[PDB]
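The chain below stands alone, shown as structure tokens; this is the form deposited in one PDB entry.
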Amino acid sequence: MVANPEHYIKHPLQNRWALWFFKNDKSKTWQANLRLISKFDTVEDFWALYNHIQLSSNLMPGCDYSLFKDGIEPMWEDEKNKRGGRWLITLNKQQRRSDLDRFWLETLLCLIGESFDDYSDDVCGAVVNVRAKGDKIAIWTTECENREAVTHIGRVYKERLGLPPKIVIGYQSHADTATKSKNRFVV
């Protein structure tokens, strides 16, 4: 009689997120090809978007999805990414059907669930690149000199995906990727 079961129509997330899509439309430049699909700030709206969008393993080669916090564009040029970098995970051709979709959904849940605790503010978003040569998934962070935040993020993320502990993943600064002719950290 006292303890009435309570329920909620919406369950807000701690941050608002935006899903971006990149298509290699050869009539446009790189930046013009990076477009905002939609924003969400609740569990219900995340699942409504995820269940009704094309899987990463079904995208054409050269396409990308990105989930970034509201106000952060998924590019090195953004103020919140300029001094940052990314933890990069590389997949071979065999892993497209077996790992890509599982890894990306686990990455999305990692982000929206704030799995990095006190280093949550260092997280900017994640990107999945679908490529014929090999797929890639990355988590983008705001400051490549914050070693404690970067390595905590990397360690929690690598363990979450269930990656074998013997093969390392690297963290590349965006300033180094933008000038490539090199990893700052490994985990």
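Note that residue numbering begins at 1 and tracks the sequence as displayed. Note that the rigid core is defined as the largest set of C-alphas that superpose within 1.5 Å between two forms. Only residues modelled in both forms are compared.
The same protein also has a form deposited in another entry, omitted here; what follows describes it.
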Core-aligned CA displacement of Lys28 at least 2 Å between this form and the one not shown: yes
Would you tell me if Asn146 moves between this form and the one not shown by 2 Å or more at its C-alpha, with the rigid core held superposed? no
Once both forms sit on the same rigid core, is the C-alpha displacement of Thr42 at or above 2 Å between this form and the one not shown? no
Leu55 to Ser115, Cα distance in the other form relative to here: closer or farther, by 3 Å or more? farther
What happens to the Cα distance from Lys26 to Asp176 in the other form: does it get closer or farther than here, with a change of 3 angstroms or more? closer
Residues present in both forms only, core superposed, 2 Å C-alpha shift required: which runs of three or more differ between this form and the one not shown? 25-29, 54-58
